[PDB]
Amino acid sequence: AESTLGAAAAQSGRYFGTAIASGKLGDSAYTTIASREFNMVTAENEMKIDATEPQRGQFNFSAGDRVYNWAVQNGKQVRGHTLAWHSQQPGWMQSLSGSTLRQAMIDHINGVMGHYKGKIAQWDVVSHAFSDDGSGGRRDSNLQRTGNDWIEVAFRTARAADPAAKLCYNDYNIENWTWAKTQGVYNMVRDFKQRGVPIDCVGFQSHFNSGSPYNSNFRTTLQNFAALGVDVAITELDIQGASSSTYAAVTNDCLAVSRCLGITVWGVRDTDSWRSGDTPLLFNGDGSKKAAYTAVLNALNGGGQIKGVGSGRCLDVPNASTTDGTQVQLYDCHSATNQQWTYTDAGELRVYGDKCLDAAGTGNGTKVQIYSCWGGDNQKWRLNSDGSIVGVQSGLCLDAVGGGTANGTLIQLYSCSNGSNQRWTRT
């Protein structure tokens, strides 16, 4: 299949997952999208230390099992997140140190992995162990103070607890190869593989924003780790602004690495995001697919003027007008600014530089025109591989009225039909 992210990824033996929040599983809109699009699930918080072991020796898997069962019942594998790390520790663990903390760490791993033995595809055994100070060294935490060998111990413990689970080291800001942090993790994993430490994968959270931007060398990082003999996975992907090109780029990086198991985005809709203000996911709050969604889908499926297939004519702004409200038409193709459209990372189709293909409504027959660019979803479009152009807000296709092919045929929104008057080719 190839109409959903999970199915499209499966074509190359990969998966496309999301982070599921137990509190949202009772949401029809949420579950409809989640069950349909993803085939891998990570509990957003339900399998962390404080959630699974509120009291030392007292385990609670109610919430974790709810997400797990929903995942398997709906055809998704599960990534366990996370067994040992400095964040979100229950109060009792936060105050522990030395040998007692080391024992608690081990006990926690055995308890949680034991409960889910043989049912977890990947476990983020250790997370966030390195610092952001630029030294490339370990971050100072109670776990690190128990001995630099805590990570190695965590992994050896995990292997014995559940030999069937792939064991991953997970962290953020380790995507750009030139960063010290990235190098620190690389050296650690290289050391582990050389000494036989049981580690099967490295998880790259991939939280990209202007503070820690995506860089094409992320592919190099993935390939360098893959060369060590470990699988790699994009575990908590979200991109500030949800740039279509960046989302497609990350997707293609995984597809370019045979050892990249799959990609998980950190959430379903922008409104479900831990950083909703960065509108970093693939679905809008109203549940509509964003421009980035189609960019990712096209990439998973194999991956100027806009000319209509059925008419052989180009999307044209009448008399090269720059007046807001001017409805677009079909017209003989020629070199003119009123026929030069630029698709942006935000999903707009710009003309004249600051004018945007705009839909003045959401129903059939809605006039497609130009209007000042401002970022509305009625100015954002999805470029399908089949040649159709779908409005984000409306979910409707650009359509040449009445199947018209002559000069002057107007453009409207209309239920997608795969008709030639709804298919376009970029020149």
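Start at 1 with the first residue shown and count on from there.
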request  = Count up the deposited residues without coordinates from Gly303 to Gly304 and drop the result into none, 1 to 3, 4 to 9, or 10 or more.
outcome  = 4 to 9
task = Pick between 181-189 and 285-293: the one whose mean CA B-factor in the entry is higher.
result = 181-189
note = Between 334-342 and 214-222, the record assigns the higher mean Cα B factor to 334-342
note = Per the deposited B-factor column, the C-alpha that peaks among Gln240, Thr264, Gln73, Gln94 belongs to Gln94
task = Kindly indicate the residue among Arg350, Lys117, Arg259, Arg269 with the greatest C-alpha B-factor in the PDB record.
result = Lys117
request  = Relative to the other modelled residues of the same chain, rank the CA B-factor of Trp150 and answer lowest, middle or highest third.
outcome  = highest
key: Position of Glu44 among the chain's modelled residues by C-alpha B-factor, lowest, middle or highest third   = lowest
request  = Would you mind ranking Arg382 by its C-alpha B-factor against the rest of the chain and naming the third, lowest, middle or highest?
outcome  = middle
request  = Taking the values exactly as deposited, rank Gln11 by C-alpha B-factor within its chain and report the matching third: lowest, middle or highest.
outcome  = middle
message = Ranking the modelled residues of this chain by C-alpha B-factor as given in the entry, is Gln369 in the lowest, middle or highest third?
response = lowest
